[PDB]
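Every chain is named by a letter (A, B, C, D, E, F and G) in the order it is written, and numbering of its residues begins at 1.
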Amino acid sequence: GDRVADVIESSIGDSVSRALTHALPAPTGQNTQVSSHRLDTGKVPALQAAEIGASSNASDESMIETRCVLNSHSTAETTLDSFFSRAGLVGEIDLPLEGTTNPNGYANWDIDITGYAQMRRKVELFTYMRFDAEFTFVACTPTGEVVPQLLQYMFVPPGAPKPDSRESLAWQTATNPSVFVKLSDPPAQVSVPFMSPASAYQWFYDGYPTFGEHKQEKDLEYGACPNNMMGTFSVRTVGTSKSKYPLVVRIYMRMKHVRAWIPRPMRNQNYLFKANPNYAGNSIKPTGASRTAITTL
Amino acid sequence: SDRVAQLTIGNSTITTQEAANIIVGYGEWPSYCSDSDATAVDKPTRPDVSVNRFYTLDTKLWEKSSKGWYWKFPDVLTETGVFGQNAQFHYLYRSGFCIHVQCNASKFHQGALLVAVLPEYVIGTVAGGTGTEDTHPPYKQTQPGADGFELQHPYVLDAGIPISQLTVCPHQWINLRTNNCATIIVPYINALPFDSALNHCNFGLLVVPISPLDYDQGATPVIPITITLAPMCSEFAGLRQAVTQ
Amino acid sequence: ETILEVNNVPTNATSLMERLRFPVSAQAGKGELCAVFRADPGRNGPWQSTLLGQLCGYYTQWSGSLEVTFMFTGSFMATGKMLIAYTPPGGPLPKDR
Amino acid sequence: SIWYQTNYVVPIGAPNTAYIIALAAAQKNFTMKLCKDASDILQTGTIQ
Amino acid sequence: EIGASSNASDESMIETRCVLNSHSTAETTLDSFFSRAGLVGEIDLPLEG
Amino acid sequence: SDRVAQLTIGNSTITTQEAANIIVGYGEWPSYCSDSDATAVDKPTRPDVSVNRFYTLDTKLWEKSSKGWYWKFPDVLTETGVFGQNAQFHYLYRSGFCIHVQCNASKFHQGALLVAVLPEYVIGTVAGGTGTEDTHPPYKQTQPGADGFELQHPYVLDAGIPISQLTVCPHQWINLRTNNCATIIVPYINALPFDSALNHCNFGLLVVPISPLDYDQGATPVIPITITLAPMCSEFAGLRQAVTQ
Amino acid sequence: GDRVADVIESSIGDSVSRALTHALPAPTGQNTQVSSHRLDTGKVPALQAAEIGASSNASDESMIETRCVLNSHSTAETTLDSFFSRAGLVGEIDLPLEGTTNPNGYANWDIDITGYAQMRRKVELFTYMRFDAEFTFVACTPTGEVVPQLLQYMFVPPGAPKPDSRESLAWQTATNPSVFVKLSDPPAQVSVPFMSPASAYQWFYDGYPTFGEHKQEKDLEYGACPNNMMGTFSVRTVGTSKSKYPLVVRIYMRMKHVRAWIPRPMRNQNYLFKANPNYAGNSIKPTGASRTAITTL
């Protein structure tokens, strides 16, 4: 029971986050209303105080004399799904015959889509994103030729044994999901759910994954969030003897059922590494084009 | 009547006679974690007045050549007062913040600071200049504590992103001819209901001059910028011994 | 509940059964340490001996509270009081009681 | 961690050392997700 | 000794808050666990052998 | 069913299978200060679970020649966990306590300890033996901290009063053939609603053997006495910087 | 507002201290009821468990066969006022002519009643006491002779100027209360209210009055509670020239309207000092009488 007044009247424990704004339906661009000449004192729409942190509330109607315009231009193509649900390249896996990389007929790719700038720059517009995804695998030789070869793709979640060879016992794939397909077949394609332990994936994590002294040698772990590490994608040619052909597997991703939070400035310096935002300090370039004078086009 | 303001929380009161309203980040107020968003089962502790109060942590000097600074939250407070102690004794922490950046001058000085809050402010390095070296920022740069840290390349916010777009984040400007402070209220921002006040910095506070400070010889040249901040709705769980990192 | 091999140290065939139990005995009253182990159920260590740990291996993620029940098998005439502690993440192995 | 709160006490005639058996399981709020293969594969060569 | 597992719960061992747990138990059903195709046989039909 | 018991508070649970009921000092439970008894105006802070929990502070060895010990409250906790931090950062403090003294042996050992709580336990000195010297007890004797302090003259409780009448204070006995612990709940006792956890010790805990420990050669000779205690209804006010004394 | 369940259901703030016991009227000693022989199993009043900390609940009726006795013996003389409202000596002030002490015709006595053992041992039975008091002042020469001398008693609360002479300006007594009386008049007598800043006076304060390092030189302040220091009682002969007679003023105190809390063990070693419980370590004596053997009277 409670009796002292400050306890009865406190707000400690209020889980209802009060919201100063609410969404409205806006299937089309706003219309324009007729406006006429205004010659007033006291009324001043053109004057703002940008210091406040809000954007101007001035509209066409109050700055010039406007006609009526019934605007039926749609706002549909700028939704998150419209913008992101377009498959882009996010991974490439080589399975050469003669080589330095994966000459043993198998390969393990850590699921990380930050190795390609087009896709990466789009997702990094937001801090947190939650989505399902459709993955498509396009395979052929390095000339784009289609050969009669059978492949096996297997998803190895964190903790499952990563194959260490084309004949690894792990390919028995009794619980991991595997896909068997020919290069002659169309590109394999599957749906992937939102698998993070968190409520959303996050493209930026300003922190460390563990406790302790964060000395020089461990600084590569700054920004590492296991909540974003979904596992390994393993591929092999299905056989006990080496394949007769050199292969390449391109990985495409199409997000769907997207939600995103906290917009942020968009990358304006070339990307260097997957794991961080490092930029080349001797080549800091302006965000865009320049000119000779401010008084000349 | 929008230029004047009083902020009272805990045993602390702030006054200002040249304000520019108040910004409530992403349009929502701080709140305690609900029973359905929560996952941890221990009953939390909500110290209230002893930790949700204003702490004045640091003062920087604004000079005609200053490049700008940043601080990390909740890092700036992990070693201060009762808030710091709870942050150290507990694994889990969550709270919001009321940030009040102070900077006053005279009607003959000029200059404008951009005061902004950027969630998950990951810092990058110049990569050995040539960009061929995968160097990483040291602990004192990612979590600078109360003293903050000075930006090396403000134009790209030391992270390869344009400061020109920083206004997409909750902000206010301190333009000397207009106001002498910025006030921003920030709710808890994360993909989890609670997290470590030690290993994770939810957002960074950036104070960057965009229009350089200027004044004529004879006017007071020492123009401080002071940082005061208050935790709001602080909650802690997962009790054990105190740990500093 | 299945037996948790807290005493996962002996490894020779003839001593394997000794992993199923750990000891306590008269001390010098200085709140001495009896034993420690990580609570991580799906991690290499004592939990691997339990059926929970093994089933856990067939899943990438888990969530929930765990429970360990300790049964004393000394003689009826033996008494004693132990302090069993659980240290949440971030806390290093306790130096003392 | 397990500590001695007081001491293991016994009278004349009883063993000075005894053992404790630990039994473990999950609480009723425990669940698991994302089915995967176990870290072990209990076979060396072909099972005949 | 009885042979039953402990009936003790979080609520009775420490002071707990309220938690509305909506984590599913669906992926641990027998079909969820077993209805995943695995290798169980291999047959060789070589030429020279 | 009065011999068995479980004490759960905060994230701590105590069990005993040889108890002798529970004593609630002066017949009343701890409670928070009412609005009419209160005088200080600042809104207090009531940390709850992070400070009202069991702390096991110390273990002493009971020997056939032991004279007895005492501890002072809230002194024993002023440097422990989150409770200690609040006690240091605040001028005003108030709380109750649940005290659980543990001591077990075998059915072949014998002895009885008197466990009692004595409010305002002022310590005296022997006055240079002859009684002509006005000597005074040093700080380490009046506020011994967690280690406690051993009585020099238990018969007069080092204060010129008969231990034979100590039972007029809330107590329990730990008689080895009967129970292995004492449990006493004490409400806040003072002539003021709040006070300094540093300058004032509300009461002392006395653990004194009245019937000497005995056993035959061969039986475990190390018989510890452990002190565990929990603050109840802790309240703090008058916030400022931390002070240890 | 409140919303999370643990907040709504907490007891934080309950100012109603639950009480396990309540008082009953008991103007007389309890009566005795008829009892007869009982030969039962299960029922055992004579057996107790002193370890619990409670006193025996066994009564005459259950231990022997009793008759009926209507007890009308009163319990009235054992109330706090009955016990304490009896005036006792608590102070003595000397005003000699030829002397080492107060030869200047005035004296300042710190109000502290712990200098006399009879009264002190009674009050120290309790830790806290709140009461009003009647003070009586008996004055005469050291032979008990009554002389025609006029005296002035003045109460100087903490902070008021203490007279430093028989002619001090402080005797103007414009606000302090003063009493003018002759030794020839009956003993002066006044009522004093409960003046502490605390809710009760306390005969024991286990603590220090101030913050800081409590080094050796300041250890005389251990146990000093200003809440118990009510001021100074000043007395002088009313004149600019020395009195013709040597005087003595005995101070008696009679408490009334008494309340007391927390009983404690009663002093069993001689008192040595007013300010503390110090006892003579080389003379620790048993609380009472002794004998030669436990089997002999």
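The rule is simple: a contact is a pair of C-beta atoms (placed from the backbone, for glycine too) under 8 Å apart; a residue touches a chain by one contact, two chains touch by 3 or more.
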Pair sharing more residue contacts (C-beta pairs) when B-C is set against E-G: B-C
Chain centre separation in whole Å, for chain F relative to chain C (CA means): 33
Averaged-CA centre spacing for the pair chain B and chain A, given as whole angstrom: 27
Centroid distance [mean C-alpha coordinates] between chain D and chain C, Å: 5
For chain E, residues that touch 2 or more chains besides their own: 5-6, 10, 14-19, 21, 23, 27-28, 33, 36
Overlap residues in chain F, where contacts from two or more other chains coincide: 10-11, 32-35, 43-44, 46, 48-49, 56, 59, 102, 104-108, 220, 222-224, 226
For chain C, residues that touch 2 or more chains besides their own: 1, 26-27, 29, 31, 57-61, 63, 65, 67, 69, 71, 77-81, 83, 87, 89-90, 94, 97
Each pair of chains that touches, named by its two labels: A-B, A-C, A-D, A-E, A-F, A-G, B-C, B-E, B-F, B-G, C-D, C-E, C-F, D-E, D-F, E-F, E-G, F-G
Sites on chain F touched by chain A in the complex: 32-35, 43-44, 46
Interfacial residue positions of chain F with respect to chain B in the complex: 10-11, 42-50, 53, 81-82, 85-86, 89-90, 236, 239, 241
Complex contact set, residues of chain B against chain E: 35-36, 38-44, 237
Parts of chain A lying in touch with chain B, wherever the complex brings them together: 10, 12-21, 49-53, 127-128, 198-202, 204-216, 219-220, 222-223, 227, 262-273, 276-284, 287
In the complex, chain C residues that touch chain A: 42, 57-58, 60-61, 89-90
